[PDB]
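Let me begin by presenting the structure, written as structure tokens, before commenting on it.
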2 protein chains.
Amino acid sequence: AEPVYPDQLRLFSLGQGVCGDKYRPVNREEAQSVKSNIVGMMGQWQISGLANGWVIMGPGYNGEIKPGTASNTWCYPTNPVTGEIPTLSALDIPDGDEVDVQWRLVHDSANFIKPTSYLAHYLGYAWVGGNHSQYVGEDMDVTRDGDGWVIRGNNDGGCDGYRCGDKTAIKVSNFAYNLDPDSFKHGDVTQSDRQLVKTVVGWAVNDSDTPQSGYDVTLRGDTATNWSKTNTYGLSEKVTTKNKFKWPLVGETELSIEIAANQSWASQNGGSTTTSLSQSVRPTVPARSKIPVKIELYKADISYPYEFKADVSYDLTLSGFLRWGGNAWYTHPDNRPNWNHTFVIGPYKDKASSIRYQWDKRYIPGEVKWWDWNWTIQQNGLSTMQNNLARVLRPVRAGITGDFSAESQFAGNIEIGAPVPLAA
Amino acid sequence: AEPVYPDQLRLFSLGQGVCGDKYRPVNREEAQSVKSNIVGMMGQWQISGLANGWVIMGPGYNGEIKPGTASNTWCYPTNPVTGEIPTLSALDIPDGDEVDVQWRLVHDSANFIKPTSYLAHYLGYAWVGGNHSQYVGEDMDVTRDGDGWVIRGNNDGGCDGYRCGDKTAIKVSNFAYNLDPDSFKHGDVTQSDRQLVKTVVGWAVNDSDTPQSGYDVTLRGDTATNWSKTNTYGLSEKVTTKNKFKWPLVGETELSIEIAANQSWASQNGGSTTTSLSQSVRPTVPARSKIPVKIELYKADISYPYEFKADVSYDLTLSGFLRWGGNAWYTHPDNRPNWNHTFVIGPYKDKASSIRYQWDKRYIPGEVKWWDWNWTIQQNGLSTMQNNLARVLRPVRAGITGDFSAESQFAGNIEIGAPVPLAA
């Protein structure tokens, strides 16, 4: 009923359905689901015990599952562990030009070069390392090629081994920069002093013999409030947001500012919104007198530095010849073929370029069309591959900074002046 | 980890990783990043010491970096200095016709001719100077050619040297004029006297036996306020602003005036906006009497001279033959080829025509596709090139003046007249 991950299966040679601690016999359906793996994990004429009086036979028997019994039995953890790839803390790159950010990314040995090199090594790529070292991911030269980057083992000096000198190459390209609204941060908030926006004056004249309250001067209508933004390092020209979001509330003044999706961050450097504030003055004027009235509207400015984080995605191409001894390609070629494969480090786009999709669906033999990650787990272990892929898929975020300003706080002043006799 | 600028590296011949004051040994990764420069800065079979027990070998060894040790060692400042091109104070040209502004720009020897001449000289152009002087950028003739300008060393009289008479030419063209809203300035502000815009009168008649307050006369609706602008010298026909901006607040009266981007400044010489002011009169009329009521609306005019600054950008083409001894083109040709290259003095447009981009990315050998600025630094020094490029890239701003007027201040008057008996 539940999915079965082949890496957790193990054969106990103890007797009829014995298994070990926290290990239970495997049933017929789970067997059939992972028959390819299980039969590849046993001898040609070997016969092993399943649950419910069933047995699975070796490749010589064509992997038949038949009712029977045997002295050994395949077993599965009663408390299986999830093999999901851990998500690590994001790697933060300081804001800068696009090329500078890429340069800082690809020259980080611990976080980029070594993880990708070890991934290529695990997948079966040959000569992932330079001649001046015997360890994977060492003595690697980084070069700028076109709009992308190439990391390749140094080939200077001599080398020993078959086709040594055909070093594996790791190519980075197709950089894209999203934007995370939730990553917003701001510096010191500066609020300017009240500034007089406009003023309207008037006179209320009463030449009658009784006081009059029948006056009304009203100032209303939409008042446009403008907001402005600046960009610092020029990477913003490539930054986009997949979903429209509102500018975050800073202080206690909400600005109805919308950032459009699928548009350059550097193109949206200003705008205006509407606020409706109305004021009115209705004086009571004594007989034979005039009263002056005034309505004033003031604005104020709020400004602060801003910093967002742009998620960085790219395309990682591994190019080189797969090792004869063992590689992770599902056909397991043994002719040392030249091979190129592109992964998309970032959001899912397709199954072939998605490490996470292939890793998660490794319990479905029919979905294994590119890489056999179960083979990698068997060769190197579950934890090792988990950590390596977590480092490879570690989120990378580039700073996006600037300055922001907006006319937000609005104030009013309504004045009824002293009466003046009409004799004037 | 951090970028390494080759101009700051220096070889100490002292012993095993000695270096000098505030100078540390260079590691393997930084070496590999700037290997081309470092290996070009050493002898064919020379061997120099890196950090962590590594050594870098000369061109004869093909620039190999291998674990080892040597009696000398490359070293890098522990407190590196930024080689960024300084930004100087803007050069202000008085407002005038386009041709006059260009004429004043290109005839400024100290600010335009000599800097560009020295830039061409540093890049390796030959004969940047006239025959009547032995110094660069002297005895240079300026001529109007089509819609652009040409500065070339005077070729009158005799000359000594190979291909003397093939003087280098500096061509200016492609002038563009932006506009900086923040550069706004205004002269003396003139406010006119209140002028009666409109008047509505009425009668409130009460033929009953009790006082009546049930009257209301209301004057409201949008009131169009017009603004006008004049242009003085005719350069405004070419002036445009990349971003829409609001007319600055002058005095304490905000005018909702928007200047459209990508449109001629001289085409936007007026407009109108809407302000909503409403007045009402609700008299209390005594029995058997009539009262006259009046509502008046007045406007006023605010006018002042205005001055903005238009940032001037242009295309600077250097044409001439590169010196055999040494030039800054990345291929370092030695056949004295005729060569033409255009820089864009102003906003970035492309890598090839951007001095700032090439200068900043000089630590990436793969981005060095046009000019080798590290070669210029080695030949002439960092400070010299910094100052020369700052003068070349010095911002230039042309005046844009005129007169501005707008109907801004609005006033009202509400009058309730004296009662008149109905016997009349």
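All residue names refer to the structure tokens as shown: chains lettered A, B, ... in order, residues numbered from 1 in each chain, ligands numbered from 1 in order.
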| field | Shell of 10 Å around residue 355 in chain B, only C-alpha atoms, local chain residues under 4 positions omitted, as a PyMOL selection string | value | chain B and resi 85+343-346+348+350-351+359-360+371+373+389+392-393
Store the residues of this selection in a file with N, CA, C and O atoms, as a short mmCIF file (atom, residue, chain, number, x, y, z; two decimals), in the first residue's frame.
```
data_model
loop_
_atom_site.label_atom_id
_atom_site.label_comp_id
_atom_site.auth_asym_id
_atom_site.auth_seq_id
_atom_site.Cartn_x
_atom_site.Cartn_y
_atom_site.Cartn_z
N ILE B 85 36.91 54.45 -10.81
CA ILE B 85 37.13 55.73 -11.46
C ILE B 85 36.42 56.81 -10.65
O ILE B 85 35.20 56.73 -10.46
N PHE B 343 33.47 54.94 -27.95
CA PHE B 343 32.99 54.91 -26.58
C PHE B 343 31.73 55.74 -26.47
O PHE B 343 31.51 56.67 -27.24
N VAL B 344 30.88 55.38 -25.51
CA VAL B 344 29.68 56.14 -25.20
C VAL B 344 29.93 56.87 -23.90
O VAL B 344 29.95 56.26 -22.82
N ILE B 345 30.13 58.18 -23.98
CA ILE B 345 30.30 59.02 -22.80
C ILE B 345 28.90 59.36 -22.31
O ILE B 345 28.19 60.18 -22.90
N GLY B 346 28.48 58.70 -21.23
CA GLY B 346 27.14 58.81 -20.73
C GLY B 346 26.67 57.48 -20.16
O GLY B 346 27.46 56.65 -19.73
N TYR B 348 25.39 53.69 -19.67
CA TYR B 348 25.78 52.42 -20.27
C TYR B 348 24.80 52.02 -21.37
O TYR B 348 23.58 52.12 -21.21
N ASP B 350 26.36 49.35 -23.94
CA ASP B 350 26.93 48.05 -24.22
C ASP B 350 28.33 47.94 -23.65
O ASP B 350 28.95 48.96 -23.33
N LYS B 351 28.84 46.73 -23.55
CA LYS B 351 30.14 46.51 -22.93
C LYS B 351 31.26 47.14 -23.74
O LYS B 351 32.19 47.73 -23.19
N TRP B 359 36.69 48.78 -17.23
CA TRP B 359 37.60 49.07 -16.13
C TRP B 359 37.26 48.25 -14.90
O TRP B 359 38.15 47.69 -14.26
N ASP B 360 35.98 48.18 -14.55
CA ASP B 360 35.57 47.47 -13.34
C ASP B 360 35.82 45.97 -13.47
O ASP B 360 36.27 45.33 -12.51
N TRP B 371 39.63 46.32 -24.64
CA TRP B 371 40.81 47.03 -24.16
C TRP B 371 41.40 46.44 -22.89
O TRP B 371 40.67 46.10 -21.96
N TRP B 373 42.95 47.32 -19.86
CA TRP B 373 43.21 48.46 -18.99
C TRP B 373 44.31 48.16 -17.98
O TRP B 373 44.97 49.09 -17.49
N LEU B 389 40.56 59.07 -16.79
CA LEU B 389 39.23 58.57 -17.09
C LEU B 389 38.15 59.35 -16.36
O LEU B 389 37.05 59.52 -16.88
N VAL B 392 37.69 62.32 -18.49
CA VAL B 392 36.99 61.93 -19.71
C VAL B 392 35.51 61.70 -19.43
O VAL B 392 34.65 62.13 -20.20
N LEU B 393 35.21 61.02 -18.33
CA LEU B 393 33.84 60.69 -17.97
C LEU B 393 33.20 61.75 -17.08
O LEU B 393 32.15 61.49 -16.49
#
```
| message | Just want the 8 Å neighbourhood of range 221-230 of chain A, counted on only C-alpha atoms, with same-chain residues fewer than 4 positions away dropped. Output as a PyMOL selection string. | response | (chain A and resi 266+268-278+402-408) or (chain B and resi 256+275-276)
Taking C-alpha atoms for each residue, export the selection above as a PDB file, in the first residue's frame.
```pdb
ATOM      1  CA  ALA A 266      14.622  48.768 -12.183  1.00  0.00           C
ATOM      2  CA  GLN A 268       9.384  50.410 -11.551  1.00  0.00           C
ATOM      3  CA  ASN A 269      11.139  53.324  -9.835  1.00  0.00           C
ATOM      4  CA  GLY A 270       8.146  55.438  -8.991  1.00  0.00           C
ATOM      5  CA  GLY A 271       4.417  55.964  -9.068  1.00  0.00           C
ATOM      6  CA  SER A 272       1.433  57.675  -7.508  1.00  0.00           C
ATOM      7  CA  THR A 273      -1.685  56.704  -5.581  1.00  0.00           C
ATOM      8  CA  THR A 274      -4.884  58.464  -4.554  1.00  0.00           C
ATOM      9  CA  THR A 275      -6.082  59.414  -1.077  1.00  0.00           C
ATOM     10  CA  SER A 276      -9.401  61.157  -0.429  1.00  0.00           C
ATOM     11  CA  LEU A 277      -9.283  63.717   2.386  1.00  0.00           C
ATOM     12  CA  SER A 278     -12.005  66.359   2.620  1.00  0.00           C
ATOM     13  CA  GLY A 402      18.224  50.881  -2.767  1.00  0.00           C
ATOM     14  CA  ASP A 403      16.434  53.892  -1.314  1.00  0.00           C
ATOM     15  CA  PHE A 404      12.676  54.429  -1.043  1.00  0.00           C
ATOM     16  CA  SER A 405      10.656  57.589  -0.446  1.00  0.00           C
ATOM     17  CA  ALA A 406       6.961  58.402  -0.363  1.00  0.00           C
ATOM     18  CA  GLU A 407       4.593  61.204   0.611  1.00  0.00           C
ATOM     19  CA  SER A 408       2.453  59.412   3.209  1.00  0.00           C
TER      20      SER A 408
ATOM     21  CA  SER B 256      -0.559  68.292 -10.089  1.00  0.00           C
ATOM     22  CA  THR B 275      -9.352  71.269  -8.296  1.00  0.00           C
ATOM     23  CA  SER B 276     -12.658  70.715  -6.495  1.00  0.00           C
TER      24      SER B 276
END
```
| query | Could you state the separation of CA of residue 333 in chain A and CA of residue 150 in chain A in Å, given to one decimal place? | reply | 25.6 Å
| query | Among range 70-100 of chain B, which residues carry a DSSP assignment of strand (DSSP E or B), reported as a ChimeraX atom specification? | reply | /B:73-77,91-93
Create the file for the chosen residues now, containing C-alpha atoms and written as a PDB file, in the first residue's frame.
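The new file part03.pdb reads:
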```
ATOM      1  CA  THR B  73      56.742  34.973  -3.940  1.00  0.00           C
ATOM      2  CA  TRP B  74      53.862  36.895  -5.427  1.00  0.00           C
ATOM      3  CA  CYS B  75      52.159  39.126  -2.884  1.00  0.00           C
ATOM      4  CA  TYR B  76      48.928  41.115  -2.602  1.00  0.00           C
ATOM      5  CA  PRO B  77      48.026  44.107  -0.413  1.00  0.00           C
ATOM      6  CA  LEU B  91      30.908  70.736 -15.957  1.00  0.00           C
ATOM      7  CA  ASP B  92      28.109  73.268 -16.425  1.00  0.00           C
ATOM      8  CA  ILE B  93      27.563  74.778 -19.877  1.00  0.00           C
TER       9      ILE B  93
END
```
| So what do you get for CA of residue 148 in chain B versus CA of residue 336 in chain B, distance-wise? |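 Atom-to-atom, CA of residue 148 in chain B to CA of residue 336 in chain B, that is 26.8 Å.
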| query | What gap, in Å, lies between CA of residue 177 in chain A and CA of residue 94 in chain A? | reply |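 Computing the Euclidean distance for CA of residue 177 in chain A and CA of residue 94 in chain A yields 13.7 Å.
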| Got a sec to pull out which chain A residues are within 7 Å of chain B, counting only C-alpha atoms, and send them as a PyMOL selection string? | chain A and resi 107-108+132+141+143-145+156+196-198+200-208+212+214-221
Selected residues written out with N, CA and C atoms, as a PDB file, in the first residue's frame:
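So the final result, stored in out_20.pdb, reads:
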```pdb
ATOM      1  N   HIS A 107      33.228  30.938  -7.635  1.00  0.00           N
ATOM      2  CA  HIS A 107      34.541  30.832  -7.016  1.00  0.00           C
ATOM      3  C   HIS A 107      34.480  30.369  -5.568  1.00  0.00           C
ATOM      4  N   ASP A 108      33.295  30.047  -5.058  1.00  0.00           N
ATOM      5  CA  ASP A 108      33.150  29.506  -3.712  1.00  0.00           C
ATOM      6  C   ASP A 108      33.383  28.002  -3.766  1.00  0.00           C
ATOM      7  N   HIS A 132      47.031  18.098 -10.148  1.00  0.00           N
ATOM      8  CA  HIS A 132      47.849  18.372  -8.956  1.00  0.00           C
ATOM      9  C   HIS A 132      47.205  17.909  -7.660  1.00  0.00           C
ATOM     10  N   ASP A 141      40.028  24.791 -12.223  1.00  0.00           N
ATOM     11  CA  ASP A 141      40.136  26.114 -12.809  1.00  0.00           C
ATOM     12  C   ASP A 141      38.760  26.624 -13.207  1.00  0.00           C
ATOM     13  N   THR A 143      36.750  29.636 -15.316  1.00  0.00           N
ATOM     14  CA  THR A 143      36.953  30.549 -16.426  1.00  0.00           C
ATOM     15  C   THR A 143      35.619  31.116 -16.880  1.00  0.00           C
ATOM     16  N   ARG A 144      35.653  32.361 -17.338  1.00  0.00           N
ATOM     17  CA  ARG A 144      34.481  32.986 -17.928  1.00  0.00           C
ATOM     18  C   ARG A 144      34.424  32.659 -19.413  1.00  0.00           C
ATOM     19  N   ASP A 145      33.308  32.078 -19.850  1.00  0.00           N
ATOM     20  CA  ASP A 145      33.122  31.694 -21.248  1.00  0.00           C
ATOM     21  C   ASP A 145      31.790  32.279 -21.702  1.00  0.00           C
ATOM     22  N   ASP A 156      47.226  20.880 -16.649  1.00  0.00           N
ATOM     23  CA  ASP A 156      48.653  21.115 -16.777  1.00  0.00           C
ATOM     24  C   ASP A 156      49.440  19.976 -16.140  1.00  0.00           C
ATOM     25  N   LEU A 196       3.486  72.525   3.730  1.00  0.00           N
ATOM     26  CA  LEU A 196       2.205  73.034   3.262  1.00  0.00           C
ATOM     27  C   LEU A 196       1.982  72.701   1.796  1.00  0.00           C
ATOM     28  N   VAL A 197       0.992  71.857   1.526  1.00  0.00           N
ATOM     29  CA  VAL A 197       0.688  71.467   0.157  1.00  0.00           C
ATOM     30  C   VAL A 197      -0.169  72.523  -0.520  1.00  0.00           C
ATOM     31  N   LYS A 198      -1.260  72.922   0.123  1.00  0.00           N
ATOM     32  CA  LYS A 198      -2.127  73.913  -0.497  1.00  0.00           C
ATOM     33  C   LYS A 198      -2.954  74.630   0.556  1.00  0.00           C
ATOM     34  N   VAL A 200      -6.611  77.328   0.796  1.00  0.00           N
ATOM     35  CA  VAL A 200      -7.745  78.043   0.230  1.00  0.00           C
ATOM     36  C   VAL A 200      -8.321  78.942   1.310  1.00  0.00           C
ATOM     37  N   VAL A 201      -8.557  80.202   0.964  1.00  0.00           N
ATOM     38  CA  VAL A 201      -9.075  81.188   1.899  1.00  0.00           C
ATOM     39  C   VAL A 201     -10.428  81.666   1.401  1.00  0.00           C
ATOM     40  N   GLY A 202     -11.172  82.288   2.306  1.00  0.00           N
ATOM     41  CA  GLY A 202     -12.474  82.808   1.939  1.00  0.00           C
ATOM     42  C   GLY A 202     -12.996  83.776   2.974  1.00  0.00           C
ATOM     43  N   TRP A 203     -14.067  84.464   2.596  1.00  0.00           N
ATOM     44  CA  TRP A 203     -14.767  85.391   3.471  1.00  0.00           C
ATOM     45  C   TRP A 203     -16.220  84.964   3.590  1.00  0.00           C
ATOM     46  N   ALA A 204     -16.746  85.006   4.809  1.00  0.00           N
ATOM     47  CA  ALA A 204     -18.160  84.792   5.078  1.00  0.00           C
ATOM     48  C   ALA A 204     -18.726  86.104   5.598  1.00  0.00           C
ATOM     49  N   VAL A 205     -19.584  86.733   4.803  1.00  0.00           N
ATOM     50  CA  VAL A 205     -20.100  88.068   5.078  1.00  0.00           C
ATOM     51  C   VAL A 205     -21.564  87.957   5.471  1.00  0.00           C
ATOM     52  N   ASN A 206     -21.932  88.615   6.567  1.00  0.00           N
ATOM     53  CA  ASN A 206     -23.304  88.660   7.055  1.00  0.00           C
ATOM     54  C   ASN A 206     -23.673  90.125   7.252  1.00  0.00           C
ATOM     55  N   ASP A 207     -24.460  90.657   6.324  1.00  0.00           N
ATOM     56  CA  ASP A 207     -24.978  92.012   6.415  1.00  0.00           C
ATOM     57  C   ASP A 207     -26.401  92.048   6.949  1.00  0.00           C
ATOM     58  N   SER A 208     -26.898  90.930   7.469  1.00  0.00           N
ATOM     59  CA  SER A 208     -28.230  90.881   8.044  1.00  0.00           C
ATOM     60  C   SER A 208     -28.188  91.338   9.499  1.00  0.00           C
ATOM     61  N   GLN A 212     -25.710  84.365  11.348  1.00  0.00           N
ATOM     62  CA  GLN A 212     -25.945  83.417  10.273  1.00  0.00           C
ATOM     63  C   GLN A 212     -24.920  82.299  10.352  1.00  0.00           C
ATOM     64  N   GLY A 214     -25.296  79.780   7.934  1.00  0.00           N
ATOM     65  CA  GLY A 214     -25.440  79.198   6.607  1.00  0.00           C
ATOM     66  C   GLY A 214     -24.286  79.451   5.679  1.00  0.00           C
ATOM     67  N   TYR A 215     -23.104  79.000   6.054  1.00  0.00           N
ATOM     68  CA  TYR A 215     -21.943  79.089   5.189  1.00  0.00           C
ATOM     69  C   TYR A 215     -21.256  77.734   5.154  1.00  0.00           C
ATOM     70  N   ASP A 216     -20.624  77.436   4.025  1.00  0.00           N
ATOM     71  CA  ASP A 216     -19.885  76.187   3.886  1.00  0.00           C
ATOM     72  C   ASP A 216     -18.838  76.362   2.805  1.00  0.00           C
ATOM     73  N   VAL A 217     -17.575  76.181   3.170  1.00  0.00           N
ATOM     74  CA  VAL A 217     -16.483  76.079   2.215  1.00  0.00           C
ATOM     75  C   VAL A 217     -15.853  74.713   2.404  1.00  0.00           C
ATOM     76  N   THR A 218     -15.840  73.916   1.342  1.00  0.00           N
ATOM     77  CA  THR A 218     -15.371  72.542   1.387  1.00  0.00           C
ATOM     78  C   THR A 218     -14.271  72.344   0.357  1.00  0.00           C
ATOM     79  N   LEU A 219     -13.147  71.805   0.811  1.00  0.00           N
ATOM     80  CA  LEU A 219     -12.019  71.442  -0.033  1.00  0.00           C
ATOM     81  C   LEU A 219     -11.911  69.924  -0.025  1.00  0.00           C
ATOM     82  N   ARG A 220     -12.055  69.315  -1.191  1.00  0.00           N
ATOM     83  CA  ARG A 220     -12.017  67.873  -1.259  1.00  0.00           C
ATOM     84  C   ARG A 220     -11.385  67.425  -2.561  1.00  0.00           C
ATOM     85  N   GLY A 221     -11.648  66.191  -2.969  1.00  0.00           N
ATOM     86  CA  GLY A 221     -11.102  65.656  -4.197  1.00  0.00           C
ATOM     87  C   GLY A 221      -9.834  64.848  -3.977  1.00  0.00           C
TER      88      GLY A 221
END
```
| message | I want to know what sits within 9 Å of residue 363 in chain A, based on only C-alpha atoms, with residues of the same chain fewer than 5 positions away left out; could you give that as a PyMOL selection string? | response | chain A and resi 3-6+33-34+368+374
| request: Check the DSSP output for the backbone and give back, as a PyMOL selection string, the residues of range 8-92 of chain A in alpha helix (DSSP H). | output: chain A and resi 28-33+35-40
How about saving the chosen residues, C-alpha atoms kept, as a PDB file, in the first residue's frame?
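The resulting file, part.pdb, is shown below:
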```pdb
ATOM      1  CA  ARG A  28       4.091  -9.543  -2.926  1.00  0.00           C
ATOM      2  CA  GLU A  29       2.749  -6.174  -4.094  1.00  0.00           C
ATOM      3  CA  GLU A  30       5.709  -4.153  -2.801  1.00  0.00           C
ATOM      4  CA  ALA A  31       8.024  -6.690  -4.391  1.00  0.00           C
ATOM      5  CA  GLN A  32       6.300  -6.334  -7.758  1.00  0.00           C
ATOM      6  CA  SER A  33       6.523  -2.555  -7.406  1.00  0.00           C
ATOM      7  CA  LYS A  35      11.051  -5.930  -8.696  1.00  0.00           C
ATOM      8  CA  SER A  36      13.733  -4.492 -10.963  1.00  0.00           C
ATOM      9  CA  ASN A  37      15.789  -3.272  -8.007  1.00  0.00           C
ATOM     10  CA  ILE A  38      15.194  -6.334  -5.834  1.00  0.00           C
ATOM     11  CA  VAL A  39      16.094  -8.782  -8.614  1.00  0.00           C
ATOM     12  CA  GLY A  40      19.147  -6.695  -9.468  1.00  0.00           C
TER      13      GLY A  40
END
```
| query | Using only C-alpha atoms, which residues sit within 12 Å of residue 384 in chain B once same-chain residues fewer than 3 positions away are excluded, as a ChimeraX atom specification? | reply | /B:83,85-86,115,118-119,122,376-381,387-391
| task | With a distance cut-off of 9 Å and only C-alpha atoms, select the neighbouring residues of residue 233 in chain A, excluding the residue or stretch itself and same-chain residues fewer than 5 positions from it, and output the selection as a ChimeraX atom specification. | result | /A:95-98,400-402
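Here the question is which of A:247, A:314, A:149, A:103 gets nearest to residue 395 in chain A using only C-alpha atoms, and that residue is A:314.
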| field | A:370, A:339, A:23, A:375 ranked by distance to residue 79 in chain A, top pick (using only C-alpha atoms) | value | A:23
